[PDB]
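# Examining the three-dimensional arrangement
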Amino acid sequence: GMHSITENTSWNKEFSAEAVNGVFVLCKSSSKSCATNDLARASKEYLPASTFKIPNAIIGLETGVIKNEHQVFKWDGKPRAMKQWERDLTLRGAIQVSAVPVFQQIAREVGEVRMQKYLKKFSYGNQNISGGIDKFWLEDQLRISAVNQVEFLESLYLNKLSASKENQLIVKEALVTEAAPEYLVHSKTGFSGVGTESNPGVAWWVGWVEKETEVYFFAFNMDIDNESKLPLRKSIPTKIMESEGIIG
Amino acid sequence: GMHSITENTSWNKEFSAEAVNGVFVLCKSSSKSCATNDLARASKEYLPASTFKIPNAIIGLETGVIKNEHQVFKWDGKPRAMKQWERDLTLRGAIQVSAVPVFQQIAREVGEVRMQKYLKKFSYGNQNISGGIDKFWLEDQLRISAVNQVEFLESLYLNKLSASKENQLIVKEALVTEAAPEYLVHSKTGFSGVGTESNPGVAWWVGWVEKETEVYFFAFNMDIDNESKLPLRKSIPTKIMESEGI
């Protein structure tokens with residue numbers, strides 16, 4: 001509830017320029033002041049892909065599966081699907097390089113019962129974790145909208161998720177992607193893949209920006225059927241936020 | 001403490017090149033593996049200046065003087081020593097720009113008895129807060145060594161100070177100064193001033209670097225009698241950390 005959202009089709013400019021079907025949701029201060037290029041798509045649910053590392057990390061910490069912020073996730077030396085992952089990682093490292101196999105093992109250890117419990121507590125999308133504990137967020141039935149991502153991140157920002165404050169803080173530091181004296185960005189990407197014939201994949205960028213004493217929450221997604229379009233998931237939102245005087 | 005520290009006078013190069021008198025302490029993983037260019041100076045206590053914002057912030061939160069990490073520190077329009085501080089500020093913003101007025105008010109509200117209690121729990125330097133509740137970490141009185149800085153920051157890193165884990169995490173995020181996927185820096189500057197006739201001031205840089213799965217704790221100070229030398233408080237420790245692959 002209490003979300004107040006205004007459609008502003010002038011933001012479509014950055015999408016049509018690139019022939020992208022997508023949505024940006026941007027909120028100033030709180031979910032009581034949000035704008036989007038597309039009201040319908042703002043509420044449409046998509047696979048979260050690696051944006052699911054945010055709740056997964058919090059759940060891993062809450063359940064004790066992740067011992068504390070200093071746990072090192074060791075590589076067993078066996079092939080992983082991206083070279084970036086073939087190394088020992090911190091929790092922050094694993095989140096920042098989107099190290100799927102690290103979070104797959106976290107998920108397995110959390111287990112279905114506890115995972116379901118926390119997604120209900122977090123109101124995380126359709127809360128559908130069916131299809132395999134180590135892959136549901138990448139290829140099964142879990143879906144969440146940009147609106148819901150914004151409400152979830154706002155809760156995280158405020159430490160109001162149903163988790164310890166210290167666990168929320170740990171995950172928040174892990175999400176910092178830009179730090180300057182008066183400008184701080186927390187963000188996470190996701191990418192489900194290129195989809196299938198007439199069923200595109202989804203790319204995400206979600207997070208929040210603290211500028212001076214203001215805070216802006218954001219969530220972006222787009223249909224994607226070609227990996228070469230992937231950088232648009234950051235550049236389109238960056239341009240919109242620049243046009244609003246934010247990126248700065 | 002349990003610090004194991006080795007003198008390496010090869011690190012003196014980057015000082016004498018710039019005609020600087022100072023010390024660098026650098027530890028890999030923990031205080032059990034540290035190196036310095038000068039053991040004696042590494043243990044010598046100096047005025048912390050704005051590096052004191054780290055314990056002061058923690059104590060601010062512990063005592064409830066700081067509401068929480070979302071507290072805004074409103075400006076009241078009265079001119080301040082620096083333009084930069086003539087705006088409202090978050091906790092992080094105030095630390096990052098070293099907004100002394102903000103922390104003076106925090107200190108006053110904390111009070112002597114509590115400030116003393118906490119500096120004792122933290123084993124923070126000589127624990128000398130005499131000379132006025134809002135003055136003691138500037139101009140003389142309180143002094144801390146580079147070694148003690150490292151030990152304190154390692155405790156903070158590990159959430160082992162006598163303070164809530166929450167409050168430590170809040171202050172740790174306020175100290176982030178560089179963020180990349182597998183490189184994270186937490187750091188804080190200090191600079192007491194240019195001081196006097198061979199009673200020079202002190203510049204500090206303290207913090208830690210997380211690179212891949214390793215962590216490095218550092219503390220740097222140098223004598224400074226000329227505001228123009230101030231960039232060296234970063235460049236000398238940068239050159240040394242670079243030479244070690246950090």
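Residues numbered from 1 in each chain as written, not as in the entry; some residues may be left out. Chains lettered and ligands numbered in written order. Heavy atoms only, no water.

As stated in the entry header, the method of structure determination is X-ray crystallography and the reported resolution is 1.86 Å.

Looking up chain B in the PDB entry gives the name Beta-lactamase, with the organism given as Pseudomonas aeruginosa. Looking at the PDB record, one finds the entry titled "Crystal structure of OXA-14". The record in UniProt for chain B states the following under Sequence similarities (unreviewed entry): "Belongs to the class-D beta-lactamase family." (UniProt positions renumbered as here; feature names shortened; annotations may be inferred.)

The PDB entry lists chain A under the name Beta-lactamase, from Pseudomonas aeruginosa. In its Catalytic activity (unreviewed entry) section, the UniProt entry covering chain A states "a beta-lactam + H2O = a substituted beta-amino acid".

### Concerning the pairing of strand β9 (residues 183–191) of chain A
All names here are of chain A. The buried count for β9 comes to eight of nine residues, which makes it a mostly enclosed element. Taken together, the four bridges between strand β8 (residues 176–180) and β9 define a ladder with antiparallel strand orientation. Directly across from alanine 180, in β9, lies its bridge partner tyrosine 183. Between β8 and β9, which follow one another and run antiparallel, lie two residues. (Buried < 20%, exposed > 50% of the residue type's maximum accessible area, 1.4 Å probe, protein only. Helix = DSSP H or I, 4+ residues; strand = E, 2+ residues; numbered from the N terminus. Pairing = 2+ DSSP bridges.)

### Here's the deal with the pattern of salt bridges
Tallying each qualifying case throughout the model produces 14 salt bridges over all chains. For the salt bridge of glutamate 69 of chain B with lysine 165 of chain A, the shortest nitrogen-to-oxygen distance reads 2.7 Å. With one member in each of two chains, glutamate 69 of chain B in the loop between α3 (53–63) and β5 (72–73) and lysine 165 of chain A in helix α8 (residues 165–174) form a pair that bridges those chains. With relative accessibility at 16%, the residue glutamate 69 of chain B sits in the buried group. Note that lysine 172 of chain A and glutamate 69 of chain B form a salt bridge whose closest N and O atoms lie 3.8 Å from each other. Taken together, the residues span two chains, with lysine 172 of chain A in helix α8 and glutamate 69 of chain B in the loop between α3 and β5. (Salt bridge = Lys/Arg side-chain N within 4 Å of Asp/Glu carboxyl O.)

### A word on the UniProt feature "active site" (unreviewed entry) in chain B
Residue and element names in this part refer to chain B. The feature "active site" (unreviewed entry), as annotated in UniProt, sits at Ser50 in this numbering. By the element assignment, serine 50 lies in the loop between β4 (45–46) and α3. Other than its neighbours up to four places away in sequence, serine 50 contacts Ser98, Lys188, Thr189 and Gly190. (Contact = heavy atoms within 4.5 Å.)

### Digging into the interface of chain A and chain B
Of the residues lining the interface, 32 residues belong to chain A; the matching set on chain B comes to 32 residues. Across the chain A/chain B interface, buried area totals approximately 2500 Å², and carbon plus sulfur atoms make up 55% of it. At the boundary of chain A and chain B, one finds six salt bridges. Here chain A is connected to chain B by 11 residue pairs in polar contact. Split by residue class, the side of chain A that touches chain B holds 12 nonpolar, nine polar and 11 charged. (Buried area = accessible area lost by both parts, 1.4 Å probe. Polar contact = N/O pair within 3.5 Å; in protein donor to acceptor, adjacent residues only side chain to side chain. Nonpolar A, V, L, I, M, F, W, Y, C, P; charged D, E, K, R; others polar.)

### Comments concerning the packing of aromatic side chains
Counted according to the given criterion, the structure contains 27 aromatic pairs over all chains. Here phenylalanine 15 of chain A and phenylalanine 220 of chain A contribute two aromatic rings whose centre-to-centre distance is 5.8 Å and whose plane-to-plane angle is 20°, an arrangement assigned as stacked. One end of the pair, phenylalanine 15 of chain A, is in helix α1 (residues 13–16); the other, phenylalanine 220 of chain A, is in strand β11 (residues 214–224), and 205 residues separate them in sequence. Per residue, the accessibility class of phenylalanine 15 of chain A equals that of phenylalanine 220 of chain A, and both read buried. Consider the rings of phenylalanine 52 of chain A and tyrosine 124 of chain A, whose centres lie 5.6 Å apart with planes at 75°: the pair is edge-to-face. Linking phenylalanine 52 of chain A in the loop between β4 (45–46) and α3 (53–62) with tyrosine 124 of chain A in the loop between α5 (100–122) and α6 (136–139), this pair joins segments that are 72 residues apart in sequence. Across this residue pair, the class does not change: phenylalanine 52 of chain A and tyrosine 124 of chain A are buried. Its end group placed over the ring of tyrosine 118 of chain B, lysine 121 of chain B keeps NZ or CZ at 4.5 Å from the ring centre. (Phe/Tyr/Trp six-rings, centres within 6.5 Å; stacked < 30°, edge-to-face > 60°. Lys NZ or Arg CZ within 6 Å of the ring centre and 35° of its normal.)

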